[PDB]
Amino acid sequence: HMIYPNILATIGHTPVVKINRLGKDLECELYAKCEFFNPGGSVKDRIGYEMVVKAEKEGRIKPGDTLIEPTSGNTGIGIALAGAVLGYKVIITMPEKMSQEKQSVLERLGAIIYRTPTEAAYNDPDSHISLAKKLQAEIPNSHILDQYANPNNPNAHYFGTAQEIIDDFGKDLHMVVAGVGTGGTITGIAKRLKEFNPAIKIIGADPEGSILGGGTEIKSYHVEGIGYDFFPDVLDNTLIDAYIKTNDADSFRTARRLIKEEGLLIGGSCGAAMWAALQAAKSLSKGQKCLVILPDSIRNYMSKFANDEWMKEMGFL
């Protein structure tokens, strides 16, 4: 019976929904934590809020300053949302691979977007990571909050996301499956949940062509938000019990199944995480429960996996 003082107060406390068709072949029950209910449309609202609010409280930033962030889109949106509400200028650097819908959301939130060449490595000089550094050196009173190293990324999940999981399931939860990009979600959740229940299994989903979950070959893929060519400082792989390597076709196919068979209007990496869970949860028995993190909404992919012509062009239909 509470009124929210601003839109940032609606971040978090996201619904968990039972999966009723896709997990038909499992012994366990299967559930999804629906991060698309966040006001910016993704899990990254949590870390945009936490990084901005902690930095402001500590005196690292002040209203009127500029926040510069390299992003695949969602963290940019989370920071842009916090900046629109709290009074920060926001600049995003984003590879051309990321969807146009992300750029339009960013623009309407007041962020300025610099698009960079898709294929640049994390250290390549024209990359979004490098361009952000050049911008910070040239723009007075600017800051790169840096989701890849800022502890307020995993901390948002240790104190927030994982607390919600504890509140919803208690000890009656046996596995959590999460796609891994920065690693903040899986690391914050794994650390908190294993303190609470050391028997819980933590499963990462990592695309083929990423090194986070093993391997050395770097290769591009269409799924957005998961996988990297370097290990982010916030990722603690020692807390992860297993990785499942995912692929574009199965990710987008499973995402379409989530929409059509569960009515969940989700994104591409949601299909990746769910597909991984449909493999990994086979280790659970009757009466056990598996939770999958679903990071974002279909909105970011209307012109991509949600579009039949794009799917056929890219070999997924």
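Each residue number is its position in the shown sequence, starting from 1.
Taking the mean C-alpha B-factor of each stretch as recorded, 61-69 and 273-281 are not equal, and the higher mean is that of 61-69. Higher mean CA B-factor, judged across 123-131 and 136-144 from the recorded values: 123-131. Per the deposited record, 287 carries the highest C-alpha B-factor of all listed residues (287, 263, 267, 40). Listed residues 80, 202, 98, 180 were ranked by CA B-factor as deposited; 98 comes out on top. Among all modelled residues in this chain, the alpha-carbon of residue 309 has a temperature factor (C-alpha) in the highest third. Ranked by C-alpha B-factor against the other modelled residues of its chain, residue 10 falls in the middle third.
Residue 152: CA B factor lies in the middle third for its chain, per the PDB record.
In this PDB entry, residue 227 carries a Cα temperature factor that places it within the middle third of its chain's modelled residues. Sort the chain's modelled residues by C-alpha temperature factor and residue 243 lands in the lowest third, per the entry.
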